[PDB]
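Just follow the structure's listing: the first ligand is 1, and inside any ligand the first atom is 1. All heavy atoms count here, side chains included; hydrogens, waters and symmetry mates do not. A note on names: the letters A, B, ... follow the listed sequences, proteins ahead of strands, and every chain is numbered from 1.
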Protein chains: 2
Amino acid sequence: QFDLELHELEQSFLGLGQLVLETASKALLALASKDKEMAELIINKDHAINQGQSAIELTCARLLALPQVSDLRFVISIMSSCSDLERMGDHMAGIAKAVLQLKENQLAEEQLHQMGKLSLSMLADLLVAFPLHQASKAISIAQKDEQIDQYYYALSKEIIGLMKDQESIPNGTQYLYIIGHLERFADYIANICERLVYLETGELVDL
Amino acid sequence: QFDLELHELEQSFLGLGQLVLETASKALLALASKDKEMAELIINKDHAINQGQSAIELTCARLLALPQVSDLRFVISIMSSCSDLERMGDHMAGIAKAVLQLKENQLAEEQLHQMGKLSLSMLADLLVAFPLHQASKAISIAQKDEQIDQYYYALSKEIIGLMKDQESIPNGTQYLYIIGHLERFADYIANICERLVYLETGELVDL
Ligand SMILES: [Zn+2]
Ligand SMILES: [Zn+2]
Ligand SMILES: [Zn+2]
Ligand SMILES: [Zn+2]
Ligand SMILES: [Zn+2]
Ligand SMILES: [Zn+2]
């Protein structure tokens with residue numbers, strides 16, 4: 001009964017995570033296609049992720065009452081992870097906002113698509129890995145953040161570099177935010193990964 | 001009794017936050033004075049912040065059992081905020097690690113000191129504001145993050161700019177990390193601020 005309740009709580013959380021995977025996907029499509037209308041719908045739907053988090057937070061908080069070791073680590077992991085997920089969500093709304101500030105006009109792409117693709121697959125991997133409670137799949141996912149950081153710096157060096165080589169900054173500033181939003185998105189995934197290692201291990205360790 | 005218990009839970013959390021304010025202060029002093037030994041003690045003491053968080057997380061989780069609206073929002077706020085605090089802590093250990101990678105040799109400072117000073121005072125303000133549960137003091141603190149972002153971009157443009165004007169990157173890369181650690185530190189403070197508005201308001205809103 002309680003085990004069934006926890007399991008149901010896990011499904012609520014994956015539902016939320018699937019919702020943020022979809023909006024991340026939508027955010028990046030709105031960016032590739034310069035779809036300012038799709039960006040606006042993303043911005044307006046962000047509150048449903050906030051709402052979904054509070055619902056989960058609340059059934060977590062009440063579940064503690066209606067009690068032991070691994071189950072305690074579990075409910076704490078859902079509470080902590082659903083929060084990281086709404087912050088992931090906000091950073092996808094952030095990318096949608098930067099898309100509204102884009103002028104075309106000129107100028108910038110494929111590296112960004114790659115940083116985006118690795119961000120998405122990290123979350124999709126996490127969502128499959130999470131129900132397994134496998135520390136090692138979590139750890140391997142977290143490790144791919146090294147690559148996103150490399151994308152982050154390479155793209156930062158390039159974008160601001162695009163002033164001294166030849167002069168563009170309305171869009172530049174916007175692409176700086178975008179890559180910062182992806183870098184943060186991926187950092188939270190890594191945070192959810194560490195929570196997963198804590199769940200199997202009993203100790204939150206830093207990765 | 002329960003109200004006294006919550007109050008005591010709040011003091012545990014401020015204790016943790018005072019600990020992270022101290023280590024942030026120590027991190028930045030270790031940076032100003034190039035004290036590689038102080039950096040090492042920061043790195044090794046990070047686990048006590050992890051430990052303090054788990055203790056708080058655990059008395060939170062158990063407190064729900066030993067039950068109403070504002071008190072529910074409260075315990076959820078402590079659980080969520082103590083986590084942001086250990087991530088703040090990790091970013092201060094991160095700065096300490098970058099200090100170990102610094103060569104002197106050359107080259108870079110005062111702008112960084114300023115970004116650092118505003119980061120610290122934001123947390124010190126938050127720690128005083130938190131027991132008041134005043135949404136407005138939280139909101140005013142969160143707003144100062146705009147300035148830290150401005151420091152972040154100005155210092156990023158400058159540091160990487162310091163290759164094309166004249167060529168330095170071991171240290172450059174390290175000062176990029178440092179300013180990224182401060183920028184993240186300050187972002188989590190803003191996150192704790194929003195949790196405070198949610199506590200008075202009943203809704204997590206995005207700032
Ligand atoms: Zn099922
Ligand atoms: Zn990262
Ligand atoms: Zn950590
Ligand atoms: Zn007291
Ligand atoms: Zn910031
Ligand atoms: Zn948010």
- Query: ring-ring contact (aromatic ring centres under 6.0 Å, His included): which pairs involve residues 180-207 of chain B, sequence neighbours left out?
  - Reply: B/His91-B/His181
- Any chance the side chains of B/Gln174 and B/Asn171 put a donor and an acceptor closer than 3.5 Å? no
- Item | With B/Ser77, the side-chain contact (heavy atoms from CB on, under 4.5 Å) member among B/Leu199, B/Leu72, B/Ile192, B/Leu196 | B/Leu199
- Message: Under a plain distance cut-off of 3.5 Å, with no hydrogens placed, do A/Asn191 and A/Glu194 share a side-chain donor-acceptor pair?
- Response: yes
Distance-only criterion, 3.5 Å: show the donor-acceptor pairs between side-chain atoms of residues 142-159 of chain A and protein atoms not counting sequence neighbours.
{"from": "A/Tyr152", "atom 1": "OH", "to": "B/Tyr152", "atom 2": "OH", "distance (Å)": "2.6"}
{"from": "A/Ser156", "atom 1": "OG", "to": "A/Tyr152", "atom 2": "O", "distance (Å)": "2.7"}

- Taking atom types as modelled and ignoring hydrogens, do the side chains of A/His113 and A/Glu110 form a donor-acceptor contact shorter than 3.5 angstrom? yes
- Return the number of protein N, O or S atoms with a distance to the Zn ion (ligand 6) smaller than 2.8 Å. 4
- Message: What's the separation between atom CG in B/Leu126 and atom NZ in B/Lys137, rounded to the nearest 0.5 Å?
- Response: 10.0 Å
- Task: Answer yes when B/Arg87 and A/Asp84 have at least one side-chain N-carboxylate O distance shorter than 4.0 Å, and no when they do not.
- Result: yes
- Message: Below 2.8 Å, which protein N, O or S atoms neighbour the Zn ion (ligand 1), ignoring water?
- Response: A/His7 NE2
- Item | Electrostatic pair A/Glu40:A/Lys26 at N-O distance under 4.0 angstrom | no
